[PDB]
Amino acid sequence: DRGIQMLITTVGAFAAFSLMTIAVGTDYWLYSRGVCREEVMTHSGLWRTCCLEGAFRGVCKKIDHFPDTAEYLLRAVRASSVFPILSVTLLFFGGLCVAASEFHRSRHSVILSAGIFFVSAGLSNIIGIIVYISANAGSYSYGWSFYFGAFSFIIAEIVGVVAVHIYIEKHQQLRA
Amino acid sequence: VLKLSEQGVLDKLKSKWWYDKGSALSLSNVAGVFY
Amino acid sequence: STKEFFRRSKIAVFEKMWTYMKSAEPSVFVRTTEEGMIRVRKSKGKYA
């Protein structure tokens, strides 16, 4: 099953990287009732919150993150969205190592290094979601952007399981 | 005062100067254990 | 007197309440206090 496992990793790495990039870019993370500049039903994201109906529909303004060190650090972290953009960087590198495995089969640590990057991105993504929920709290519904980010985390970890599975199998075959 | 009340002047002045002026545990409670 | 109060009101909230009550169908109005009491009791919290 070495061929299909490698195909599963390649499809997953593309799918995981695409969904995180869509989730960060798409501005439909949370359906809130705020203002665009009276309060109207709006759809929020990581940088901008934009209205869903009314005269100002379609146009909006960058989210002003800034309105005691504990809340200052939390506000700064959620302002820059470092963790979700960090997970995007790790996923992109993970795809590079997966792709580079075919071009250079001499080294064995390449596929394992891909596996660590996929799981490291998942850890980075879950911190961002916890920080995002914590910062936003400090009625609402979650749009398909939030579920796109969460779903990619499941895909990212599943590929990480398959990636190191191949490394163990290939090293087990060589040694024994 | 009766004229101003019957003509809606007092009502308009009031509306102008007053109105027109204008659970489960949270993740923040357990955010330390997740970090 | 309450219907007359809402009809002749110019306060935003009560004007909105009257605009709703005048158009509501079936009539939200009643003929007796007992009738309104029974209507709130039998409407399962859908009548005020």
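Read-outs: derived from the displayed coordinates by stated rules, not from any lab. Neighbour counts run over all protein chains shown; Cβ positions are idealised from the backbone, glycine included.
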Using 1/(1 + (r/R0)^6) with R0 = 30 angstrom and r between the beta carbons of A:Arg105 and A:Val162, what's the FRET efficiency to the nearest 0.05? 0.95
The stretch A:105-131 and the stretch A:28-60: distance between their alpha carbon centers, rounded to Å: 34 Å
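Where the eigenvalues come from the Cα gyration tensor of the stretch A:1-92, what are the semi-axes √(5λ) of the equivalent ellipsoid, largest first, in whole Å? List each step's numbers first, then the result.
Details: eigenvalues 227, 77, 13 Å².
Equivalent ellipsoid semi-axes, largest first: 34, 20, 8 Å.
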Average projected area of the Cα convex hull of chain C, in nm²? 3.6 nm²
Acute angle (nearest 10 degrees) that the helix C:12-23 long axis makes with the longest principal axis of chain C, alpha-carbon atoms: 60 degrees
Can you flag which of C:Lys3/C:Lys46; B:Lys14/C:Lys10; B:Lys21/C:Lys3; A:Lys62/B:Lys21 are past 18 Å Cα-Cα? C:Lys3/C:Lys46; B:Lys21/C:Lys3; A:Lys62/B:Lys21
At most 10 other Cβ atoms within 10 Å and a DSSP loop assignment: could you name the trypsin sites (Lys or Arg not before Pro) in chain C that fit? C:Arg8, C:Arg31, C:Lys44, C:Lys46
Can you work out the FRET efficiency for the pair C:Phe5 and A:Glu39, with r the C-beta to C-beta distance and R0 = 41 Å, to the nearest 0.05? 0.85
For A:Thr42, the residues 5 or more places away or on another chain with a placed amide H closer than 5 Å to its own amide H are A:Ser32, A:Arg33, A:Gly34, A:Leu52
Over all distinct Cα pairs, what is the inverse of the mean 1/r for the protein assembly as shown, reported as the Kirkwood hydrodynamic radius in Å? 23.9 Å
Spelling it out for C:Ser9: with amide H atoms placed in the peptide plane at 1.01 Å from N, the residues 5 or more places away or on another chain with amide H under 5 Å from its amide H are none
